[PDB]
Ligand SMILES: *[C@@H]1O[C@H](CO)[C@@H](O)[C@H](O)[C@H]1NC(C)=O
Ligand SMILES: *[C@@H]1O[C@H](CO)[C@@H](O)[C@H](O)[C@H]1NC(C)=O
Ligand SMILES: *[C@@H]1O[C@H](CO)[C@@H](O)[C@H](O)[C@H]1NC(C)=O
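As structure tokens, then:
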């Protein structure tokens, strides 16, 4: 398995920025993509960003050009920089690892809440 | 199912005539042919006559030209006119209904007995 | 089944000769080949000689030209003449019958022991 | 019709003429399966176990409902002979689906009686009941004779575990049947003198008539065959032995069964039939039309018989035929009047037919048999219809033809040039 | 894309557009099956029966070990993202075997935790235990609630025979599963609201992770599908009815299912999928590439449709389509507005399309139905692509071509001589 | 023999040389199955349940009788070596039927002893008895240890119902076996160190010797294999990966297993064999003769290899071979010494063979693996033998040839006119 | 086509005797090993076994209900089977069928083919 | 594509009333025989049945927990289903879902399709 | 072809010692993970486990019947396995077989391949 542990959630003011971080441990040489998933209250999980071991990166339509995802491989960390935080962006954010054999691993979830402004 | 109820059995003198009648009720719009079957004592059932919904009619070799079968559709009745009753014709006569899906339905049977003459 | 009963085992001096005999009873018209098998102590059975109903005969490489196999069909007997008995030849010898349908039948085994000389 | 005598000369052996019985009509009877057993209301034991069992049942009764609903949606006056059955629904339905739909319109008159019996079955503790329509409650015999005694003997909590195990076994056997459906399976759960007529009855498919998702009940229509023996109908098994062509083994790849109905000659696909000792019992006519060359071959024009190479030992090299032997004596050691006298067939002959007029004792590979004195066993044959069974082989030989065809076209181009 | 309207004119009926869900990802859970039950050490009963049961287990756990060992041998830094997985072993391994080997390297980090729980599972009498990783002991519930009571009630020797029977039943059910392996089997032994999603989950193959020959344990990885509905993907069922060509019955032999993904059009091999009422749930994309003539046919160039002869009654002769009927009225007695008015189709027309604009009541072989008023049902067609399905038929017609080709070559030789 | 090195260049990977063991001889033992259990005559309980059970048995022992009788009727002096077996009966019997009939003549001498033991088995209460010939009474252990105690404990009427359930369960398991027959089934009902030899022994078919309709008994001949390892025999598995031809994926459709016996090279039909870790155990030689082009391909004349289009993902795109990778790097992202350095194969090359002499780390679709330093892994290839597997495709291309052939004939007619 | 034809049935006085005969076209039968036998049916009951004979060995078999009253015999050259009934009793009234079937023909499930039956009425 | 859209949920005083509505795009549904109904879910519990209605017959069904408090109604011309809740109680707070499904829709396993749900909060 | 060849067996006095050796042509073996071990057979009995060694780790395993009497060792460079027997007893007389097999080689069913065995006779 892979163990994922998020950090960096909390309250944040709209229009501001926040930097989520997730640490991975396990057989990470078998992991194809690392990234982030979103659920808003009362709805299904949605993709936010993912990055391959090669650095090839993709984004959801809401994230395109708005957010950036990065890694440091020597310490097995995954980072998502939130910027221009809109009121709709408040959600529980999960980091994930996807194996070459299509297995998926989830973090515990960390909550971002954006003020009403 | 289809419910069939015969009438018109009884004793009859040889050379005479008799008119069997059978009433049908059920999903008769699914019935392909109505007609009459015969068993003599101690032997298997034999066909006598049958009539399609179109009125196309067929007969056993013993019946050919000797008997006639008819229907009244508005009251769901089936009739068989016996004429030139021979001594061998004494038997239990069953009316039957045959479905398009090959199901067969039987009446209770009514007995024709022909005198020794 | 076929019942096989050996005779002619015993002690013999090296360089000498011995004549094994085996009697068969059963549905011998179904038997394809009769012959002899060998086990040395601590090892698997090995073929020695076999003879078909036609008299076609075969031998193991150790037997070639050294031994002879024969039959008498009217009395259902099988014979193996041992000659030039070498020290390695001490073993339990089994007669066998092989059916056309590949069934194999075994005797009780009779022991040939060759002196050290 | 079949010319059995000539076909022996190409190693084709036609044998065992058996008649055929077809179920041209069916008598329908109705069976209600009530899947929830009743536990005595005085104690309320087993309620939790039944809840879990119900959750398992949904995984097989909901798929049954969806399939039955799909059949009922084909058809949206009736009750008169020659009247209209209904209105065609918006959709597509093949002839098979129409027959299923029409059968449900016929069963409608029965459903209005079955819906009355369902009220009595609910509160009743009986395992099998008839009102004919038969109703069965899944585990009810075991509940009456094991669980209800236990509740006094051992108390409520210990007996609940015994019910749970019984229900899970019943679910496993329900899944094998409902997860078409043959009567043999239903008869397995709930436990004329010809055995083969009984076996054929169990082969017939049951028809689902209702799936009640409230009371967990399945209504089935059981169909009992009426068997009629078809006149002038004979089904033959045919076996092909190896045929020698210049020391290479060929055979005629005929179908496993052939059928005659007067002048008609064709194959028979008896895979759904029951083979009795003297007849085949079939749900419908198994006949299929043969290739023109196979029909001609079987009619005695043996030059037309298709031939293919022997790829394995499954093809027999010899057979007994009418008191003698028909065999490929090139690869088989045929012997006459003693194991020493080998029968030699010439290289241009495909099979050797050995009769009692030629050998008193015939030996096949050493197996000696006497020929039968009352046996009835009795030219240049060229079989041009070489055939390949494997698509690779056909494709390879088709490429060679196309390659020769391109060469032929080139000769035309140059010849047209000089002309 | 599919031109459903024109395809009706060749008897090809495209219906039931259903979406598709694919399990693009899986969530993994671990299950330890501990095959030897524990008996109270105070009595030592059942030891001989367990010895015999263990000898039976070898006939199924040793073959499992050999297969798992073969997978572990494909691969001889790791634990870093984008690092190397291992060294290629001396041998041959196909992409399927490499994926299995890589999956075992991922599970390695779990094995170091599972090996701790195994020490607790050994001495424990519990039948099901969780530490998540679930562990099950084969007969332990029956042993606790039957055999241990018995040893007081009936003595050690009488209860041993009861254990032996229970163990042998468990071995029989173990052999059905382990003698790939689906979760349905494991769930059968040890007993979201969409039923079809539950059925699909049981269809997924479990992955063996360890086979411990010392403690008689199998470790399995259970994979739970994450289902995603593919956009712009539709699966259609297609049925072909008989088509008249000069009073002989032909049909278009199209595949059972076709699929569209935008402009892509191909077949669907749904044999591994679960068919729900409105979508298919598949482990992977079932699409496959069609023959160019079949793809062109489905795109509405119906002249290109391949046709083959009707050999049996399996091919329907008529169907309901969009409130009306599409049928071969040569072999089917089509009737309009009353059982006496037969519809005649000319000999050069393949199928008759009967709509509510022409008939109020349509009779098929005597079955009268009303046409649907809200039905949406609506030239010379030459089908040159005659096709044979049977290798014999292809081989026979190929021989005639080769014979005609040799004749053509002879004309070239003589014509070249005079030139 | 196989040229494994060259075949890699067409994506054909020959691997896992395993030996073969054949059961060339069998040792025979006899088993009498006595289907009616004995209930103690002191009480006469269970008589009605046995009567019903007997009626069920007829539905499987009577079909067994009919089959055995058919075998006994093939053959109508004996008991002398090289004597006659019997007289050929009037009928037809294939070599398979003759061998079965001859086997029954061999078993005749045993039947005269089995008929004596049957008198002792009748009155005996023992479940398993040996006199060797083994006899088993169906439910007799359960009757002795459950039903006979009950008749005192609970009285006659309550215990009869317990027997009925046991008998009906036994009938269900009898139907699975008898409704050829393998020893695995018989051993399942009634409960050398190589596990694979044990597994193979259960694979052998039992032979029915008698079916007694009076005493409800089946006599079986059990056959125990004598296994002999064939010298100079090797069975190889072969896998084909995708091969690039002008950006389209082809592959060589070879059979799954191939076999060598000295100079002979052919396929192996191992479907009946048991695959051990190092050898195959087979009832008979699985070899079959290959197409000339496939045999030539495997002998290293790779120009002759037949090729067909890849229709699905079942065909692997890459494999491990001898410490390196053989892959189609057009459709697979092959990478060398780091995930950024893509290996490009030219469009005219079919597969890329990557060895430790060229890449230390090889990445397949992102999966990084180290090449093996001790790996032994090592021109224009034109594959003209294009092949289609599907009869529709072959038929379509045959129509094109026939169309071109008619055009060729026309040029002859007009050219003959001007000549 | 195997056909069996019974004859000899009729009305008979109690204590009297009757001899039934059955003619059999056994040439079409698929086996040469078979039994032939006699069964009786009361109109509400299953066919009871009455007698059987081994066609090759001539061994006769009877149920205990009739042992010593009735005797079965055969003539292979005539293809005929006979049942002579002596000391007739009122309970003997039944339709009697000859059958060809599987050994031992102790029960009607074993028959290959059935005759049409002959009525025997025994009256005081 | 069958879509269900609920409306009308919100905060309400105890003893008050609320009227839920559900709009249904049933034209794509594969059957014409179906029930529609209402379910409620507490965040830690399974979906309870609340009401169901026969779309053709109009027969209404309710669990005993709510009999006489809530009423379900339909309008086939609007393709709408309604649940009017009266005498509301604190225990009624849940997400309420409309469903189209198999008769009797007494349990959530029978639904074909689900709405997104509407929150109802009942406060003293 | 994997072949194992034992040596060192013979006659020995009670209380004495003997050292068995086994040479293994393991290059053809299909796996690199395996145990090697020793078994003994009395002429009327099944092969008892005697010792096993992990070929990679060198962990040795023994049954309680022989713990502390016998020691198993290996030399991977020689492809050899050794069993030194000390404090020999009359009960130790048996044919001793070396095997290569599946972990733990605690029972003879686990062996891949067997040696021919060497006789050890222990005499008072
Ligand atoms: C066999 O068939 C061919 C082609 O139909 C025909 O030329 C030949 O005369 C036929 N032979 C006989 C004997 O009818
Ligand atoms: C159908 O296909 C053929 C061959 O590709 C082509 O000649 C013809 O024009 C096509 N018809 C249409 C309507 O595109
Ligand atoms: C391969 O086969 C063809 C035809 O059999 C032959 O012309 C060619 O020379 C062969 N090539 C080799 C290398 O043997």
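Protein chains in written order, with the authors' numbering: chain H, 1 to 9, 11 to 30, 35 to 59, 63 to 72, 74 to 109, 113 to 129; chain I, 1 to 9, 11 to 30, 35 to 59, 63 to 72, 74 to 109, 113 to 129; chain G, 1 to 9, 11 to 30, 35 to 59, 63 to 72, 74 to 109, 113 to 129; chain C, 19 to 94, 107 to 161, 168 to 215, 225 to 236, 250 to 436, 441 to 481; chain B, 19 to 94, 107 to 161, 168 to 215, 225 to 236, 250 to 436, 441 to 481; chain A, 19 to 94, 107 to 161, 168 to 215, 225 to 236, 250 to 436, 441 to 481; chain D, 1 to 124; chain F, 1 to 9, 11 to 31, 34 to 59, 62 to 72, 74 to 111, 111A, 112A, 112 to 128; chain E, 1 to 9, 11 to 31, 34 to 59, 62 to 72, 74 to 111, 111A, 112A, 112 to 128.
C-beta atoms are modelled at their ideal positions from N, C-alpha and C, and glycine is treated no differently.
By DSSP, does residue i sit in helix, in strand, or in coil?
i	result
residue 225/C	coil
residue 58/D	coil
residue 378/C	strand
residue 98/G	helix
residue 278/A	strand
residue 251/B	coil
By DSSP's criteria, residue i is part of a beta bridge. Which residues make up the other side?
i	result
residue 283/A	44/A
residue 4/D	24/D
residue 130/H	It is not possible to answer for residue 130/H, since the shown part of chain H is limited to 1 through 129.
residue 448/A	365/A
residue 315/B	295/B
residue 179/B	Looking at the DSSP assignment, residue 179/B forms no beta bridge with any residue, so it has no partner.
How long is the line joining the alpha carbons of residue i and residue j, rounded to whole angstroms?
i	j	result
residue 58/D	residue 29/C	41 Å
residue 9/H	residue 21/H	7 Å
residue 185/E	residue 195/B	Only positions 1 to 128 of chain E appear in the structure, and residue 185/E is not among them; the question remains open.
residue 292/A	residue 419/C	42 Å
residue 319/B	residue 290/B	5 Å
residue 176/C	residue 137/C	28 Å
residue 116/C	residue 131/C	10 Å
If you drop the 5 nearest sequence neighbours on each side, which residues of the same chain put their C-beta closer than 7 Å to that of residue i?
i	result
residue 83/C	269, 271
residue 405/A	304, 305
Report all residues from its chain with a CB closer than 8 Å to the CB of residue i; omit the five preceding and five following residues, and keep chain order.
i	result
residue 422/B	376, 383, 385, 390, 391, 392, 393
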